[PDB]
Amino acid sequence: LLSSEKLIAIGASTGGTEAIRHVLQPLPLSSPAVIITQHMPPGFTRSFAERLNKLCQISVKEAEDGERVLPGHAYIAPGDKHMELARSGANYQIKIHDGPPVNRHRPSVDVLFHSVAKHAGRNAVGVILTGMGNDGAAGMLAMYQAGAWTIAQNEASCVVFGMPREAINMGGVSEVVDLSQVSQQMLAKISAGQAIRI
């Protein structure tokens, strides 16, 4: 499908479990990989991955250090550990680490986003959903400056308009969209230009 390997990175907090479920449902097996950092306790992240796996078409799992980031899969950061995107040669991979909390969170959305900006550059779409605080804002600005398309959930549809608000205020958001249009927008933009093989 795409001439280059692309991926989507999502960050969320309060209200995020229902928001993430809404965004992932429409994706078929041919979809690009999705890497997500959801604020929640350890253990809960394993349960959330399983819950989503039962409802979605794509495979959803709690991320493991060193596994390859595959298309048609969604990776959830493990609670109390940071998740980053990394690259071993030709393959994108998950990197799990126990570094200090960032913005009082571990996993941290900023930690995820900064790593996607470094390794995927413009070959990624960053999405920030409903949540409290500023975790993710600086990371999204890094993605935006690296050329990635960035999307923030709008005020009307958010449970808590903190995370997206902060992201917008930092100047790192390409567009603000309603929750019902996020999957459509991230997928259209990730495949635009010359992305599709013809």
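For every residue, the number given is its place in the sequence shown, counted from 1.
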remark   = For 52-60 versus 147-155, entry-based mean Cα B-factors point to 52-60
query = On average, which has the higher Cα B-factor in the deposited entry, 86-94 or 110-118?
reply = 86-94
ask   = Out of 131, 136, 172, 26, which shows the largest CA B-factor listed in the entry?
value = 26
request  = Divide the modelled residues of the chain into thirds by Cα B-factor and specify which third, lowest, middle or highest, holds residue 99.
outcome  = highest
remark   = Tertile call for residue 47 (CA temperature factor, within chain, third-based) is the middle
